[PDB]
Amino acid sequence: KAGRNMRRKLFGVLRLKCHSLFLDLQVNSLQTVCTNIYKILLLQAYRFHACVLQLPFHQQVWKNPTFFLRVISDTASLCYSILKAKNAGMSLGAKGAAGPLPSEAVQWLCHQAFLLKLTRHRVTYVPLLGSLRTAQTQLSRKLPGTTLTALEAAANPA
């Protein structure tokens, strides 16, 4: 427990730096880009949960659920902005895909990563799991680009 916390704290910045180097669809496969942005978002979800555990006892999650959901949304926006900048010089012969990832896909990966972590602590996060679970289908009805299952593949490896 104290060993896991030490490892997350120690490797946080380095892991994020490393993942950020594999987001360029010009040189990387789409599967790689999706996996690495997802691993970034999952890392962020763990940091999120750590930060929530140290909120005052009266600052319950059901008390201000807009705050937490917006934090989650802002995470997707920020990772998406990073991804955009990293893919700015993309050309027609890019290895990754014909299309650089829409914000819908980064959003989907974000909600996925947060759900996986937040379902482990339902007693704390039952107010949020409602809105996030719909957003998944809200986005799954917004864009089933087939590649939706290629996103599910990136959220799968252990």
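Note that residue numbering begins at 1 and tracks the sequence as displayed.
Per-stretch averaging of Cα B factors for 127-135 and 86-94 places 127-135 on top. Averaged over CA atoms, B-factors in the entry run higher in 139-147 than in the other of 139-147 and 18-26. Remark: residue 111 belongs to the middle third of its chain, ranked by C-alpha B-factor as recorded. Ranked within its chain, residue 57 lands in the middle third, by CA B factor from the PDB record. Per the PDB record, residue ranking by Cα B-factor puts residue 117 in the middle third of the chain.
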